[PDB]
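Enquirer:
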Amino acid sequence: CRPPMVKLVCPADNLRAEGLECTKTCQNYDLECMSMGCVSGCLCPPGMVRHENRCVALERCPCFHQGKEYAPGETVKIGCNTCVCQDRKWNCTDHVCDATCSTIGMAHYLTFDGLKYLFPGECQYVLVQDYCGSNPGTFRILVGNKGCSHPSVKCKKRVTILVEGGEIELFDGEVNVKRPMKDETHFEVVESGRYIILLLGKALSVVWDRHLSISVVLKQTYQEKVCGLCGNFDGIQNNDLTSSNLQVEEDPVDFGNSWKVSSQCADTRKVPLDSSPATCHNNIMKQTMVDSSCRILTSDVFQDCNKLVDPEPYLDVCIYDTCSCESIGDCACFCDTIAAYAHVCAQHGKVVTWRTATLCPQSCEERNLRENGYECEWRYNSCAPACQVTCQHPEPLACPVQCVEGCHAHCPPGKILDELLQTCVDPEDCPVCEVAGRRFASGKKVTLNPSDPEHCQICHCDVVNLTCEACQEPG
Amino acid sequence: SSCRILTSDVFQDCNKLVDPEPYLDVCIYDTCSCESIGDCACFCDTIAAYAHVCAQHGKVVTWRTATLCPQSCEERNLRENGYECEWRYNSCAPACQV
Amino acid sequence: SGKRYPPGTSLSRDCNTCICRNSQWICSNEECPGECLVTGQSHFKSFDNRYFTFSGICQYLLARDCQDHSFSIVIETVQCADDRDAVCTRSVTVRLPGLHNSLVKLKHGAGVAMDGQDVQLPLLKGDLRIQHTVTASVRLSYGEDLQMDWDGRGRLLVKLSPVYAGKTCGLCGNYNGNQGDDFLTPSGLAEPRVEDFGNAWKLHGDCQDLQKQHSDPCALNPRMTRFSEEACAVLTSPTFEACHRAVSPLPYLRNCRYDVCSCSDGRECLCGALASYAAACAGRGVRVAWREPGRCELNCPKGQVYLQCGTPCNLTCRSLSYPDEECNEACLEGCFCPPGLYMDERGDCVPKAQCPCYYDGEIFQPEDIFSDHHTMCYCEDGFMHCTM
Amino acid sequence: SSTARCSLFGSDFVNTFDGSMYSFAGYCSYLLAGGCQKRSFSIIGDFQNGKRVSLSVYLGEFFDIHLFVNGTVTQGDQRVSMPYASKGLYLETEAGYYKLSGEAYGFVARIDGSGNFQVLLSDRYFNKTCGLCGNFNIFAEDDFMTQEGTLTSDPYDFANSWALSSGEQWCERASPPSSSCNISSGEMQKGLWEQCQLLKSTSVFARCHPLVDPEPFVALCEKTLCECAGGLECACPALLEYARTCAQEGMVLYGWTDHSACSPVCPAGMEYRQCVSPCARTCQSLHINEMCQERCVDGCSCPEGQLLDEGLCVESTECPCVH
Ligand SMILES: *[C@@H]1O[C@H](CO)[C@@H](O)[C@H](O)[C@H]1NC(C)=O
Ligand SMILES: *[C@@H]1O[C@H](CO)[C@@H](O)[C@H](O)[C@H]1NC(C)=O
Ligand SMILES: *[C@@H]1O[C@H](CO)[C@@H](O)[C@H](O)[C@H]1NC(C)=O
Ligand SMILES: *[C@@H]1O[C@H](CO)[C@@H](O)[C@H](O)[C@H]1NC(C)=O
Ligand SMILES: *[C@@H]1O[C@H](CO)[C@@H](O)[C@H](O)[C@H]1NC(C)=O
Ligand SMILES: [Ca+2]
Ligand SMILES: [Ca+2]
Ligand SMILES: [Ca+2]
């Protein structure tokens, strides 16, 4: 018909004629097409396939992803995986990235493999642990809430991190090292922004928003060696509700009760399912207002992230929480459930700015005013590099989260911040010490090379002093 | 308990001049009837009213902490090419200036 | 599931067995048959228990044997009411490359038509045995590694034996016991939106792509909201309290609400949505009694009576003509008639005396005598006990 | 402009936002107007058997009011008083006609004495509304868009695609009623033909013609005139509508009812004043001028004296005190 195009005629001696009825465009090419005759119009030459009103000479045609066309050879990044498509399909890499627990809001959980469930407990529970079956194991993070079955202005959760034989439990927005870690070189607490990122090993970390948002970041090493309220981190999402007695369960509450640490505590009683949890129940007006308010997760500033991350789980969490929660002066049970989604978006590279003066204000001027003069180096920033070099951590750190939210101090170059003095000061005016002439630490109070005493020229620092004690010989 | 902030440590001086009982009843009534989701304003406003009344009597009150009606002011500087940082929150600064 | 069990018991997850030893369950780990379900307005359940909704209007590729090509199941959807959120399946098409490359088509009237011609069921062709069901359905069955189900109103169950595990691609997913990767497109890349995943599987380029998948059709017809709510609250009522621990009722509740607010006739959709959950509970083992005179007591002709747990093996007259054939079928919720009465060809079941004989298709008469010069046969009471 | 005026006048008659008159005699609730992408509100008009029974407004899906032609007005499921002011909707008797205003949502509905409906949608809903009154675009030829999104040409299919069944309505496709006129015509028609032709012949009606074409109005009154049981008034509905639409176009025609011999029905005591002030003079009212200067609206009010007192004209001397 059209001169680049060409027509055909239906042979009256067949049934699988496969004419214009079964046109083969790009995405139709792989698919299998079943017809009931033919139309005998004009179809592209049998070496090329129609695509956006043309006939692409040799097929090799674009590679759709998220409703977008990608020319061949182009690569797209998903997690740790680069994906380039040749003929027509992407041959991604096989790296497995760091998994991540989460306490989304006040009663929901999000396992390692990705599974939102609801479990409103009030006892202590095993969030994730390694003493799991045949494995010897190391760490035993536990989470314990208080009065949380009706979460309004209560349920200040507390974590207890029993790693390396040292209790590092954290509560009231303050990490509290109950007992020292045996090998303290791993342990490193990095208070940044609004978060208290904890580095408890070379393949384990904890980031905590100082109120309720607890999430454990595990690396490739573990890979089906853990179990607890966050499932067993194997990539299979169906079996994440296996109770403590090796039996997969259908109800989340039975699972949660099975993962309780103190048997003589109170089981959570199953509640009949209801769309409106507690106060949204008969007050349908309130339920509609709550729905519309939580609809901000699908708003003009969140459009970019909605294509990468599904907002439905976080929408459900927002609705449930701010229905059950009664907010009077602290509108925190609402703003936290959106800050969690913003944090996830930022972890995927989609930084979003959503706080306005009439919507979760988040002041940061109380730190500047403390100085007798206002010097103004503290400022909010949707998401800024969290894990930065200060006088307390003069050396760089491998660190789980890219950027976080909160009052991040910006101040002129060459005047690196120190945490104790909220001011930022020149590098010299810090207790940083170079014992081996290298930029190590604040003169690390760490024992060096005991099992080879031939090199044990042990040397420390307290403030700037290049102090050097002895290595007490056994005999 | 929340509206009880009117008879609190920072408001002790004002109560010697202005009785918080009308404002306490207003706070309770509004907060009960109000449904607050994203703006806890039907509470912060009923307290800001009492703070204003106290201020007009000579008792300036600072009550507004980072976990209670924060009221940030960074948006009047960031719009500039460089963060000039000249605006700030003041509990009671003169109104009709030059 | 929140109840104690003395040591030594042996529970079953309807495919595997668990033994209680030392307060721990030792459970077998065998692969199990998978079920892809297309129900309601546009509700899907994948092979790995991934519930979703997708209201697209085109011909979609539901499930294809994807490394070898022993079958391929294609579905076709149309708007099913006045709204724009009510998109239901009309007809389903199956290709059998192992059988002449033939093309079976289950139609909207619960009929069936192989390669254009209509077909009178049963059909015991080479491999596939299409025949009707107690509830006037159509049960396709290819070999023994595949099954299927009627497509009159727009429901469909596909059952695949574990010989197909991990080797099928379609709207139903890989069938690899992992729910995560079910939004997989032909280009081998999971798309985190149901609209894109659905649109990636349409067979025709002229079909309109879906842009937004609405969650509350109730908001275009507010007049319905209240009814829908109460109409579906039964799913959480003590009436279904028995099987809340066998299959969670949340997806079926959302599907019930969507179906009631969206479809044209709410009365039909309410009982087409409760029956889905009842069948899901009956799958695992729990039999629920949920019909009430208000709540859609199914009614079949006056000769028949509703049986909750019947015996679809000996009701039909044809059965008496082939007693050697085996019926390894469970009880099926439908209607039957007393054991002194057997189903007649016309449809009014009669005592086994006047019950014809189906020797080589051709139907004979309750005392017909078909003699010959070398053989002789006579239809006595549903089988020609006939000499040579 | 800034407003548009759908109107379900007469019996079974409908006048869309853009002026596409047609006839439809439904059997369940229908969708008068409301946005079709984002549905903040939805005016719904109910029928019983051809004859309309009420008007309804469904704010979101949490609030609903049912203002019945029989004066009755239920909220939700319970009969309420009048005036009513909840949820940002103000429901009150203005100029003797029940009125339901939602200026926050930009809509004003009204019911007069005989039972006619009248919806004044705003201008923000331009090209956005989607209902039995057709989309609010200036074009008047594409106003029969069904709910499927496809334009039709038979008014009954267009109207039936917008039926909104409920838990206890369950309505069905409706069909045009059989005509009985075709046997009964003749002697009456000789004089009847004048009632419709005066719509365009009469001088008072003769200046609307540059604004609104009168052919469809005479057409509809002519086709509804035959089934009249020997009466002049059986054509005055159209005339009334012709006035009202012509008034809405910005040129109100004065004193057309002097010799029309048909007058609108109004409560006893009040006469149909063409362009009466919407600002009444109730006995207990503060004399605040320059704050009650809204646009004039046609309707009926008390005589020159006789200030209002709870919908009953009483002389200015007998205004009762209240305590
Ligand atoms: C994956 O990519 C590599 C490197 O380009 C190529 O050698 C290999 O054939 C690809 N394999 C598949 C399964 O596409
Ligand atoms: C946030 O901080 C980052 C890193 O310091 C900086 O690059 C960026 O300009 C900041 N953005 C805003 C909005 O202040
Ligand atoms: C507010 O303005 C006053 C008047 O200049 C000044 O004295 C004061 O320092 C400012 N802020 C506070 C906290 O008082
Ligand atoms: C109004 O109409 C309703 C519904 O038909 C009827 O129940 C009621 O009695 C009527 N009330 C009046 C005052 O006519
Ligand atoms: C109204 O919207 C339609 C559909 O987008 C568009 O085709 C048309 O041009 C618009 N008309 C006006 C007057 O804006
Ligand atoms: Ca798992
Ligand atoms: Ca899968
Ligand atoms: Ca139009």
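If you read the protein sequences in the order shown, they are chains F, H, E and G.
Taking the authors' numbering, the leading residue of the first sequence gets 767, the next gets one more, and so forth.
Taking the authors' numbering, the leading residue of the second sequence gets 1058, the next gets one more, and so forth.
Taking the authors' numbering, the leading residue of the third sequence gets 353, the next gets one more, and so forth.
Taking the authors' numbering, the leading residue of the fourth sequence gets 30, the next gets one more, and so forth.
Here a beta-carbon is modelled for each residue, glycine too, at the ideal position from N, C-alpha and C.
#1: So, helix, strand or coil for F/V1117, using DSSP?
#2: Please work out which residues of its chain come closer than 6 angstroms, Cβ to Cβ, to F/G887, disregarding the five sequence neighbours upstream and downstream, and give them in chain order.
#3: Heavy atom of ligand 6 less than 7 angstroms from the Cβ of F/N998, yes or no?
#4: Does the beta carbon of residue 1243 of chain F fall short of 7 angstroms from some heavy atom of ligand 6?
#5: Pop quiz: E/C524 and E/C388 are said to be a contact at Cβ under 8 angstroms. What is the actual Cβ separation, rounded to whole angstroms?
#6: Figure out for me which residue from F/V805, F/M872 and F/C829 has the closest Cα to the Cα of E/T537.
#7: Going by DSSP, name the residue or residues bridged to F/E954.
#8: May I ask you to report which of helix, strand or coil DSSP gives G/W222?
#9: Are any of the Cβ atoms in chain F nearer than 8 angstroms to that of G/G89?
#10: Taking 7 angstroms as the cut-off, is the CB of F/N780 close to at least one heavy atom of ligand 8?
#11: Run through DSSP, which three-state label would E/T577 get?
#12: Just confirm the distance between the C-beta atoms of F/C804 and F/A783, as a whole number of angstroms; I'd bet it's less than 8 angstroms.
#13: What does the alpha-carbon distance come out to for the pair F/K923 and F/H1047?
#14: Contact between the segment 90-97 of chain G and the segment 144-151 of chain G is defined here as three or more beta-carbon pairs at a separation below 8 angstroms; is this criterion met?
#15: With a threshold of 8 angstroms between beta-carbons, can F/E1141 be considered close to chain E, or not?
#16: Taking one C-beta from the segment 426-433 of chain E and one from the segment 556-569 of chain E each time, how about it: are there three or more such pairs within less than 8 angstroms?
#17: Check whether chain F comes within 8 angstroms of E/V426, counting only Cβ atoms and requiring the distance to be less than that.
#18: Cα-Cα, which of F/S1093, F/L881 and F/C1237 is closest to E/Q531?
#19: Note down, in chain order, each residue of its chain lying with its Cβ closer than 6 angstroms to the Cβ of F/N1147, except the 5 sequence neighbours on either side.
#20: Under three-state DSSP, which class holds E/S454?
#21: When you measure from the CB of H/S1148 to every non-hydrogen atom of ligand 3, does any distance come out below 7 angstroms?
#22: Is it true that the CB of G/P184 sits closer than 8 angstroms to the CB of G/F53?
#23: Taking Cβ-Cβ distances shorter than 9 angstroms, what residues in chain F pair up with E/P601?
#24: Kindly identify the DSSP beta-bridge partner or partners of G/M174.
#25: Curious, which full-length alpha helix (DSSP H) runs of at least 4 residues does the segment 1060-1097 of chain H contain?
#26: With distances taken from CA atoms, which of H/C1089, H/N1138 and H/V1117 is nearest H/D1070?
#27: Where do the ends of the alpha helix (DSSP H) carrying G/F136 lie?
#28: Taking only beta-carbon positions, decide if H/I1085 is within less than 8 angstroms of chain F.
#29: So which residues on chain F does E/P653 lean against when the C-beta distance must stay under 7 angstroms?
#30: Just checking my contact of G/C255 with G/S214 at CB under 8 angstroms: how many whole Å lie between their CB atoms?
#31: My output table needs one value for G/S330: the three-state DSSP class, helix, strand or coil.
#32: Would you give the residue range spanned by the beta strand (DSSP E) that E/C669 belongs to?
#33: Hey, how far is the Cα of F/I927 from the Cα of F/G1001?
#34: Just tell me which of E/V446, E/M576, E/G518 and E/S407 has its CA closest to the CA of E/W502.
#35: Compare the C-beta of H/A1123 against all C-beta atoms of chain F and say whether one is closer than 8 angstroms.
#36: Determine whether the beta carbon atoms of G/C304 and G/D327 lie at a separation below 8 angstroms.
Expert: This is what the structure holds:
#1: coil
#2: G1022 and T1034
#3: yes
#4: Because chain F in this structure spans residues 767 to 1241, residue 1243 of chain F falls outside the shown range and cannot be described.
#5: 4 angstroms
#6: F/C829
#7: F/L965
#8: helix
#9: yes
#10: no
#11: helix
#12: 4 angstroms
#13: 26 angstroms
#14: no
#15: no
#16: no
#17: yes
#18: F/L881
#19: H1174
#20: strand
#21: yes
#22: yes
#23: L1039
#24: G/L180
#25: 1069-1072 and 1078-1090
#26: H/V1117
#27: No alpha helix (DSSP H) holds G/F136; the beta strand (DSSP E) holding it covers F136 to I140.
#28: no
#29: Under the 7 angstroms cutoff, chain F gives no residues; its nearest Cβ is about 35 angstroms from E/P653.
#30: 6 angstroms
#31: strand
#32: Counting along the chain, E/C669 falls outside any beta strand (DSSP E), though it belongs to the alpha helix (DSSP H) covering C669 to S673.
#33: 25 angstroms
#34: E/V446
#35: yes
#36: yes
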